[PDB]
Structures are given as C-alpha cells and as structure tokens.
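Engineer: One structure follows; several queries about it will come next.
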Amino acid sequence: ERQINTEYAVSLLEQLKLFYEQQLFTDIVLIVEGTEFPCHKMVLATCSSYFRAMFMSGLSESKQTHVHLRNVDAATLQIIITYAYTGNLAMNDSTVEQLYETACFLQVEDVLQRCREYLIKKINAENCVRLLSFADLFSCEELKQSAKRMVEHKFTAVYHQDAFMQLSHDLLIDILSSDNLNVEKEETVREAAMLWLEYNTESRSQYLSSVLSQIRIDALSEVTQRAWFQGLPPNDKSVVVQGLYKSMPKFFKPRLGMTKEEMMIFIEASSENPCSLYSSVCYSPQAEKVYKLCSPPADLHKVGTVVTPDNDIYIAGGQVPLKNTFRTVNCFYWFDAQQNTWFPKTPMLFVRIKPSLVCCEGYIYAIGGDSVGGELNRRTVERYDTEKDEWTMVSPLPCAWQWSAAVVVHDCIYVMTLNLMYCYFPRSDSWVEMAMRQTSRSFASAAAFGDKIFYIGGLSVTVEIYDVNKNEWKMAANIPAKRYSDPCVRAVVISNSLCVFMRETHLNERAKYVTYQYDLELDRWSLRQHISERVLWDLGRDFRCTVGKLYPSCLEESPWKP
Amino acid sequence: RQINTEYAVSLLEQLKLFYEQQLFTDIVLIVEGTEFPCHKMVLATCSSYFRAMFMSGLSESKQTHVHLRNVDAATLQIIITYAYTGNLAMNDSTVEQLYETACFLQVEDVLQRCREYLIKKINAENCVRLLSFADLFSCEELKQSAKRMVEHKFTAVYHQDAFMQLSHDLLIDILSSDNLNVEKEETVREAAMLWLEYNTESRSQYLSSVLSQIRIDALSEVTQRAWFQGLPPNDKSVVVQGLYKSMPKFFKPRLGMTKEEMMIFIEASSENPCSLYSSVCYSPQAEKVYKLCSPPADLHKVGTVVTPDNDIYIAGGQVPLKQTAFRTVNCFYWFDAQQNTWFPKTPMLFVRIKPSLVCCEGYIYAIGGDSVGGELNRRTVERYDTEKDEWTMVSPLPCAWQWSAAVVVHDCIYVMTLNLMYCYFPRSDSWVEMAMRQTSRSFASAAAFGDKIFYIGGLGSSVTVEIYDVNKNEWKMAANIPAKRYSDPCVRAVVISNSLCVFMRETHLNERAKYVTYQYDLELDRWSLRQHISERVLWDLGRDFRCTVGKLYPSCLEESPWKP
C-alpha cells in the first residue's frame with residue numbers, strides 16, 4: 001500500500017473543509033475569548049501535537065464537549081484550522097509573529113517550519129533585532145543563527161535601533177562578545193554599550209559590569225570610568241573595585257570588522273581546472289595578493305555586478321547552459337561577507353542577459369540588459385527595493401541601447417550608450433535629455449568618480465570626461481599603451497583617487513596587468529603599480545571589475561604557480 | 001491557486017497512520033466479528049450512508065459499536081484503505097462484491113472506478129452475467145454496454161448457462177431489440193424456446209409475452225406443437241389463446257440478416273484535402289461505395305484482420321506527433337460493426353509500423369512490423385488473448401524480415417517474405433522451415449483460400465503468381481494475369497464468395513486509375529472477368545491502402561457523398 005492519488009487527495013480534503021464550514025460532525029468546539037470554532041478531532045491531531053496529547057490523554061478534558069482554550073488569538077487559530085483543512089496557509093507579512101507563537105504553543109510542526117522559512121527569508125533591514133529577540137524567546141536555532149549574523153552585519157552600522165534597547169542579557173552578551181562585529185572602529189561598540197547602559201542604569205548594574213567586561217580592554221581604555229563616576233548610584237564602593245579590575249585581563253584580542261580592505265572584485269576569470277569554465281576572483285591593491293570567490297550559481301554566467309555604499313555585492317540575471325542530456329534565468333543573489341556563500345533573493349520578472357545594476361537612494365536600478373527582446377517598448381528598465389524586497393516598474397528608457405553602461409552621480413541615474421546619455425530623475429521618475437558625445441564608441445564602461453563621469457575605451461583609448469555641473473564632454477589625453485595591441489580598459493574608484501586597470505595583448509605575446517594613477521589637472525596616467533604575473537594569472541575578455549571591501553580571513557587565497 | 005501537495009499527502013499519510021495504529025480511531029465497525037477501528041470524518045467524506053449515519057441526531061451520533069450487516073470483510077477493508085490513501089486494488093474477481101458494497105455504502109468514487117473497470121472487462125464469457133448484474137443494480141451506462149456487447153455475443157453463442165436465469169423484462173428487452181446479430185431468424189426462436197422450456201408453469205405467463213416480440217413468420221409454423229406438448233394439462237387458456245392470437249405483430253425483417261460480404265479498404269485517398277487519408281468500402285453486391293469511420297486519431301500504417309467470427313481489429317500504427325512529424329504508438333482498437341466507431345482495447349507492448357494481424361485459434365497474431373527494440377530478436381512477435389484481453393509473447397521468428405505478409409492455414413501461421421517461408425506451430429510454439437521460392441519478390445499480399453497459399457504479385461508489382469500447397473509443400477507457377485501493357489497494376493489478393501478473386505487497380509500512361517476485379521479459376525488456372533468496377537461510384541484510393549474480407553451492415557453505414 002503506497003499513496004497513489006487518483007483525483008482523491010483533493011476530493012477528501014475538499015469534503016473535510018466543507019464539513020468544517022457547515023458546522024457538521026462537530027465532536028469538539030474550541031472556545032477562544034467567546035468565539036466558537038466547531039471543528040473535529042482527527043484533523044486537529046494531524047496538525048496540533050498539543051491537540052494530539054489533548055484528544056488522547058486520560059484526563060477529564062478528553063470527555064469535555066466544550067474546551068476553553070486561552071492564550072491564543074482567534075484569527076491565528078482560524079488560519080491554522082483552515083490550513084489543517086485545505087493545506088493553504090496564505091500567510092501575510094504582518095501576522096507572522098503571532099502565527100508562529102500560536103504554532104509553537106499548539107506544536108504544529110509543518111506550519112512551524114513554514115513560518116520559520118518565511119521569517120528566515122524576510123530579515124531585510126529593520127525587524128532583525130526584533131525577530132532575533134523573538135527567536136531568543138521561542139528557541140529557534142535556524143532563525144537564531146541567521147538573525148545573529150544579520151545583526152552582526154547591519155546592527156554595527158545603525159547601533160540605535162529602538163528594539164535593540166529591549167534585549168535580554170544573554171542575547172546581548174552573545175551579540176557583543178562575538179568576533180563578527182562589522183565595525184571598522186572599536187569605539188562604536190563601546191558607545192553602543194554605553195548608550196544602552198545610560199538608558200537602563202541601576203536596574204541592570206551587574207549587566208553593565210558584564211558589558212564593560214564584554215567590551216574588554218579593547219574599548220575599556222576610554223571615558224567609561226568618568227561616565228560611570230557621573231551616573232553611578234551613591235554609596236557604591238565595591239562596584240568601583242570590580243570596575244578597576246575590568247581594564248586589563250579578559251584576553252585582550254583585536255577584532256574582525258577592522259579588516260575591511262578596499263579590494264578589487266573580478267568575475268568570469270580564466271578557470272584553472274578545465275572542468276570549469278569561469279571563476280570569480282579578487283585582487284588586493286595594498287596586500288598585492290589575489291583572492292578567490294565562490295561562483296554564485298556555480299554553472300550560470302554572464303552576470304552583472306553592483307556595489308551599494310554599504311559595501312554589498314549583488315548578482316542579477318545571467319545565462320546557464322540547458323545541460324540537455326544557454327538558457328537565461330532572472331534569478332538574484334547576494335554575497336555573504338563572512339560565510340563566503342551566496343544567499344538568493346527575490347528574482348526578477350524578466351530574464352536579462354548581462355544586466356547593468358545601479359544603486360541610488362538605497363534602491364537598485366537594473367538598466368537594460370536584454371530584458372526579453374520582444375517588448376512592445378523595447379527600451380524599458382526595472383528597479384529593485386532593498387527595504388521592501390520587491391521589484392517596482394518605473395518609466396521606460398527613451399532610446400533602445402545595446403552594450404551600454406550606467407553609473408550614479410549626485411544621487412541621480414546616468415546611463416551611457418554609443419553617443420547619447422539620459423539622466424533619470426528618481427524623484428519624478430522621468431528621463432531628461434543630456435549632452436551628446438562627438439565620438440561613437442560602444443563595448444565600453446564608465447566610472448562615477450566624484451562629480452565627473454569618465455567614459456573610457458570603446459570601438460580604444462578614448463578618454464571623454466563629462467561633468468554634471470557643467471554638462472559638457474571633453475578630452476584629456478591618451479593612455480600610454482604599446483602599439484599593435486588591443487587594450488582592455490577598466491575604470492573604477494580606489495582610495496578616493498581615480499585610477500584604471502588595463503591589460504595589453506599583442507601577437508605572439510603574453511598579457512600584462514598594470515594599474516596606473518591618473519591625475520585630474522595633469523591629464524596623465526602615472527605608473528602606480530604593475531601587477532606581477534607571479535601572483536595573478538590571465539583573466540580573459542568578458543571579465544568585469546568593481547570596487548568593494550572584503551575580509552581576508554573569510555575568503556581563501558587562489559592557488560596558482562607563478 | 002490549488003492545494004499544497006506537500007500537506008495534502010502529509011495529511012493523507014497521517015490519517016492512514018491514525019487508522020492502522022489504533023489511536024484517534026473513534027467509531028468501530030462490527031462486521032461478522034471483525035473489528036474495524038476508524039474515524040467518522042473519513043467515512044463521511046466518501047460514503048454517503050456513513051455521512052447520513054453520523055450527522056443525524058440518532059443514537060449512532062453518540063454510538064461506538066455499529067453492527068454493519070449484509071457486507072463483506074475484505075470489501076469493507078479495501079474500501080476503508082482506499083478512503084485512507086486513495087489506493088484501490090481492483091483484481092478480476094472481487095469487483096462484483098466491490099460494486100455491491102459500493103452501491104450499499106453509496107460511495108461515488110469507487111462506484112465510478114469499478115464501473116469503468118467493468119466497462120473495460122466486458123467480454124464474451126461474462127456478458128450475460130454483467131448484464132444481469134447491471135439489471136440488479138441500476139448502472140444504465142454499464143447496462144447499455146452490456147446489452148450491446150451482450151446482444152451481439154448473445155446472438156453469436158446463445159449457449160451461456162446464466163442466460164436461463166434472467167428476468168422477464170431483461171429477456172423481453174433483449175429479444176425485442178433491433179440490434180441482434182444473427183444470419184437467420186430461427187436461432188433466436190429456438191433460444192427463446194429453450195429458455196421457456198427451462199421451466200414450465202413459471203414461464204407460462206411469460207410465454208404470451210415472449211411470442212409477442214418475435215415475428216409471426218415462426219409463430220404459425222413449428223414450435224407451437226412443441227409448446228402444446230409441454231403445455232400444462234387441461235389448460236385451455238393458452239392453446240386457443242396462441243391459436244387465435246397469431247394474426248397481428250406485422251412480421252418485419254431484423255437487422256442481423258444484413259451482413260453482406262464486402263471489400264473493406266483503409267487509408268484510402270481523402271476526398272477533402274483537409275484530411276490526410278480516409279477509410280472506404282466496396283460493395284460487391286450493392287455496387288456502391290459506403291464510407292467508414294476514420295482510423296482512431298488518423299492512425300496510419302496499421303494492419304487489419306477479420307476473425308472467423310467476423311470481427312475487425314486494428315493494431316500498431318503511428319500518429320503525427322504534436323514538414324514531417326510522426327510518432328509510433330502501440331495502441332490497439334476494435335471496430336463496432338453497428339455503432340460505426342472504434343472502441344479502444346488493451347494496447348500492445350511494442351509499437352509497430354504496418355503489422356501483419358492474423359487470427360488463429362481465437363488469438364490475434366501480429367507478426368513483426370518495424371519492432372522498436374531492434375535488438376538481437378528484431379521480431380518481438382506477439383499474440384493477443386480475446387478472452388483475457390491481454391498480450392502474450394510467442395516463439396520469435398528465426399529470421400528478420402521486412403515488408404512481409406502472413407496468413408493462417410490449417411491452424412498454423414504462415415509468414416512469407418522475399419524468398420523464405422516459416423510455419424509457426426501454435427501447439428508446440430516452434431518454427432519449421434518451409435519450401436523456398438525461385439523468384440525474389442516483395443511488397444505483395446497473400447490470401448488463404450482453403451488449404452493453399454496464393455502469393456500474388458511482388459517486386460511496382462507485377463502479374464507473377466506462385467501457388468503454394470500445404471499438403472504438398474511446394475511452390476508452383478499457375479499463370480500470369482492478363483493486364484494492359486505499359487501499366488502498373490496494384491494487385492490485392494482476397495477471398496470472397498468461396499472463390500479466389502483479385503482486386504487489381506491499373507493505371508495507364510497519361511490516364512487515370514481504373515478499377516476492375518477478376519475471378520481466378522482454380523481448376524483452369526485462369527483469371528475470369530467477374531465484375532468491372534465503374535468509375536462513377538469508386539474514385540482513387542492511393543497506393544498504401546489495404547483490403548480485407550469482412551461483413552458489414554449497409555443500414556448502420558451511410559453512403560459516401562462524392563462526385564463520380
């Protein structure tokens with residue numbers, strides 16, 4: 001006997017739901033603050049494990065037609081009952097907390113796992129500490145850990161969340177004592193503990209002692225003593241004694257967030273093992289090393305990169321071989337700065353090929369990139385919401401462009417094509433016409449350095465500088481490159497200084513990597529650093545470059561023979 | 001949206017778990033001392049009786065030990081396990097009590113399932129039993145399928161033991177119908193006579209009604225004194241009744257006596273260019289061309305067979321896959337001689353292209369025809385069971401042949417190829433080497449007339465004829481068919497009117513195709529002009545068309561409207 005479903009799995013379930021709704025065969029009724037729920041017993045067993053032990057134990061409640069169940073919400077119990085009768089939960093985004101609470105109370109494992117997944121997928125920006133305290137209240141390892149890391153990453157950039165103040169000690173100890181604080185400085189966590197304590201002083205006096213010992217000598221060499229002399233309760237002597245002990249021991253160690261080296265993330269590199277096609281690696285300007293990264297899909301290629309001002313990496317679009325015995329997928333991913341993995345996000349609505357993602361005003365803007373090709377209005381765009389986690393359609397492009405580039409300058413969208421340029425106003429959602437270039441060049445990219453756009457390359461060494469306040473295109477100079485070669489130019493910001501990363505290739509000659517330092521008033525690319533081939537190998541042709549901060553300890557060095 | 005499959009099956013298995021492992025099982029069914037702990041919700045979701053029993057207000061709304069009587073243990077068990085998992089184990093024996101308990105408990109799903117199974121299971125040796133069963137329980141669709149299949153099979157066997165134990169209304173509906181298949185009107189007469197003489201005074205009152213449905217051509221002749229012999233003694237209310245009642249009931253001829261020997265064609269050239277091919281038929285007696293229903297889903301590249309019981313079947317073939325596009329399917333079908341439609345049957349195991357369907361000893365033999373496997377046994381020859389409705393493999397052909405034909409002579413299968421021949425012994429399931437032909441010819445057909453095989457034509461084709469004798473085991477020449485020179489005759493060997501005739505369509509240079517059949521004199525070795533097919537009735541058919549010998553009804557079929 002297996003489980004074949006000859007149009008019967010749904011028939012029986014439909015009949016069960018009909019019976020629940022008709023007040024039929026009601027052998028048990030739930031009283032929830034005056035509201036009656038005349039359901040049956042067999043089904044409540046399958047769902048609630050509390051009702052499983054309720055409709056079987058030899059206690060008098062099993063022989064009680066009317067049971068008065070309290071500490072449960074009416075709407076949550078109703079949705080749980082209808083899920084038990086139809087399998088459809090249709091959960092919203094607001095009532096997830098009370099639903100999970102009632103599921104943990106009733107011990108309904110399936111809806112518990114469903115809500116756990118829905119919560120672990122929806123830790124976006126704000127409910128992080130709230131759902132972290134929630135998972136601390138209701139033991140939930142999966143939620144606890146994802147939420148822990150999420151806070152270690154974003155909490156160390158706001159450290160002012162209203163919900164962060166109301167936290168239990170053990171959770172705060174686990175948060176602060178961990179070595180995953182994404183902070184480039186050691187005083188921010190100090191003042192964050194300090195603010196918390198100035199808020200609930202006296203009440204959590206032992207807790208404040210522990211949080212001072214948790215900050216350790218690392219951040220104990222500050223005004224912590226004077227602030228305490230200011231707010232301590234009178235007639236306290238041993239407290240000063242125990243505070244004087246907390247300033248030198250507790251294994252003084254450094255932290256991890258300080259290792260935010262501005263590095264050079266690359267994608268689609270020349271793979272070492274012939275079994276793989278491309279790879280994503282990184283380069284260190286100061287450390288002069290070449291680190292690697294894990295492929296987000298591990299088989300799909302032709303992706304686009306973007307870096308938010310908060311140093312976040314995203315990947316959208318791309319094409320993957322069909323593996324029949326290259327199909328385009330609109331999937332989306334995000335790079336973890338510590339786990340060295342890729343957590344997917346809400347996919348796009350159109351399968352794009354090499355999308356150009358631009359970040360502005362906290363929103364991700366994907367401009368062009370072979371949306372579907374057969375659009376009525378072929379020139380359209382689509383943006384992303386980093387807070388609401390959804391895609392919003394905006395005003396479509398004014399001219400259809402291929403192999404285009406797009407940057408962001410002064411909180412405005414700027415997309416560049418062969419010769420035209422349009423500025424998209426995020427406040428009014430419209431395109432305004434901008435200056436036209438006198439040269440028609442494609443297959444090139446642009447960089448947003450300061451208040452000037454530097455469109456480099458095209459087919460070459462065309463250096464066409466554009467300014468927003470002036471609205472004009474001008475030439476500066478030609479990059480010094482060896483003749484009889486085809487340079488692959490890459491313009492990007494580094495250390496608040498405009499530089500370039502170019503590679504020259506000749507006939508019967510090897511490729512050479514070298515970055516130059518360009519000056520604004522000099523119009524010359526001074527030799528900054530020549531990338532030695534002993535550490536970096538060939539990259540290819542379809543590789544991309546972008547600036548971002550990474551961690552050396554989480555990532556791994558790329559092994560390659562000099 | 002739909003229903004979450006994950007929970008749907010999780011709930012189903014959890015419900016089944018609560019059933020087998022006695023847990024929340026509340027109501028228990030007491031049947032012949034066997035315990036059946038189960039729930040009320042599952043029983044209500046399927047059985048209408050159980051739904052009515054619990055939701056009511058009677059003592060059963062608060063009872064636990066219901067003594068369900070007039071049921072079976074295994075049937076209730078399989079019904080409960082189906083209600084708990086959706087799995088119905090339908091064998092070939094317990095479907096009767098299954099339908100009984102389903103009609104008792106009023107469970108629509110299992111009722112429809114077993115009704116479909118019995119609509120598939122309807123055959124000869126259970127036609128009358130299934131009809132009596134569909135008369136006992138109201139199963140009008142099953143009742144009609146029974147009646148029809150019944151009708152025909154009843155008027156082909158009329159030896160069923162269950163036929164004696166039948167209700168009067170059912171017998172009246174069977175006999176008085178205009179769908180009986182009998183070459184004469186006297187067999188139904190003696191069938192009614194024996195059904196009446198099965199008893200005596202229990203059939204006397206029905207005697208006055210059964211004679212009211214049979215024509216008066218036999219209600220004035222014999223089998224009136226035979227009833228007077230079996231008449232109750234001194235009964236003077238039946239003798240004179242039948243004496244002065246043999247006057248109305250205007251004698252009208254039935255439909256079963258309209259089976260004429262016809263030339264059934266398939267894959268003929270479609271008249272309207274919207275369709276690829278069609279199926280027509282020639283009337284050697286009516287001299288017209290009646291249309292036939294299209295092959296099932298325009299099934300092309302198939303084979304035909306006409307059993308000695310005059311039944312048409314279709315096996316193999318290919319359907320255009322959803323410009324050249326064709327996929328081969330192993331579907332099997334059966335032609336309804338009255339409803340003018342192709343009823344589906346049990347498909348084969350392997351797909352075939354142009355299979356040679358041959359009937360022998362009640363089995364349908366499809367010998368070769370482009371086997372899919374193409375492995376070391378590139379034949380996959382299969383036999384079909386007309387009793388069990390299933391296929392069974394037989395001894396494979398020793399040699400792989402292509403574009404071959406097969407006939408049946410002396411209860412044996414004779415498959416013919418370019419030059420070789422092998423005879424299959426069904427009793428021993430073996431192949432024996434036969435005589436060798438001296439001419440290499442293919443793409444021809446053979447007709448089995450008596451105890452001789454007549455391989456006509458071969459390669460277009462020609463007028464070469466090689467006659468083979470089974471008792472002599474030798475291939476000899478007889479003559480060549482006199483045809484017009486510089487032409488390509490399309491020969492078709494067939495048996496009709498107890499004589500070997502040929503359907504040979506010839507085409508001249510810059511001329512249209514001409515249809516004419518000849519009668520081959522067996523003792524004189526000469527093809528005589530039996531009849532010339534005028535082109536005013538029969539149009540072009542094509543090249544890949546087949547022909548077979550069979551009987552059809554002109555009444556149920558309609559004339560094909562087409563210009564000469």
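For the structure tokens, the naming scheme is as follows: chains receive sequential letters (A, B, ...) according to their order of presentation, residues are indexed from 1 within each chain, and ligands are indexed from 1 in presentation order.
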Could the residues of chain A that have an atom at most 6 Å from chain B be listed as JSON lines, each with its closest atom pair and the distance in Å to one decimal, counting only C-alpha atoms and ordered by chain and ascending residue number?
Structural biologist:
{"residue": "A:3", "atom": "CA", "partner": "B:85", "partner_atom": "CA", "distance": 5.4}
{"residue": "A:4", "atom": "CA", "partner": "B:87", "partner_atom": "CA", "distance": 5.7}
{"residue": "A:5", "atom": "CA", "partner": "B:86", "partner_atom": "CA", "distance": 5.4}
{"residue": "A:8", "atom": "CA", "partner": "B:86", "partner_atom": "CA", "distance": 5.8}
{"residue": "A:12", "atom": "CA", "partner": "B:45", "partner_atom": "CA", "distance": 5.6}
{"residue": "A:15", "atom": "CA", "partner": "B:45", "partner_atom": "CA", "distance": 5.3}
{"residue": "A:25", "atom": "CA", "partner": "B:55", "partner_atom": "CA", "distance": 5.6}
{"residue": "A:87", "atom": "CA", "partner": "B:4", "partner_atom": "CA", "distance": 5.2}
{"residue": "A:88", "atom": "CA", "partner": "B:4", "partner_atom": "CA", "distance": 5.9}
Engineer: I'd like the neighbourhood of stretch 327-338 of chain A as a PyMOL selection string, where a residue qualifies if any of its atoms comes within 6 Å (using only C-alpha atoms), though same-chain residues fewer than 5 positions away should be ignored.
Structural biologist: chain A and resi 313-322+343-345+347-348+350-351+554
Engineer: Find the spatial neighbours of stretch 395-406 of chain A, counting only C-alpha atoms, within a cut-off of 7 Å - ignore same-chain residues fewer than 6 positions away - and output them as an NGL selection string.
Structural biologist: :A and (356 or 358 or 378-381 or 414-417 or 429-430 or 442-443 or 445-446)
Engineer: Applying 10 Å and only C-alpha atoms, which residues near residue B:169 remain after dropping the ones on its own chain fewer than 4 positions away? List them as a list in words.
Structural biologist: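 Here the answer would be residues 135, 173, 174, 206, 209 and 210 of chain B.
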Engineer: Any chance you can output those residues with C-alpha atoms as an mmCIF file, in the first residue's frame?
Structural biologist:
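What ended up in out_19.cif:
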data_model
loop_
_atom_site.group_PDB
_atom_site.id
_atom_site.type_symbol
_atom_site.label_atom_id
_atom_site.label_comp_id
_atom_site.auth_asym_id
_atom_site.auth_seq_id
_atom_site.Cartn_x
_atom_site.Cartn_y
_atom_site.Cartn_z
ATOM 1 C CA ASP B 135 -30.038 -5.070 -14.199
ATOM 2 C CA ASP B 173 -35.647 -6.118 -23.938
ATOM 3 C CA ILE B 174 -33.023 -8.438 -25.447
ATOM 4 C CA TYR B 206 -44.224 -15.120 -19.992
ATOM 5 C CA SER B 209 -45.251 -12.045 -23.978
ATOM 6 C CA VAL B 210 -42.116 -13.598 -25.492
#
Engineer: Quick one: pull the distance between atom CA of residue A:239 and atom CA of residue A:210, Å, one decimal.
Structural biologist: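 Atom CA of residue A:210 lies at a distance of 11.8 Å from atom CA of residue A:239.
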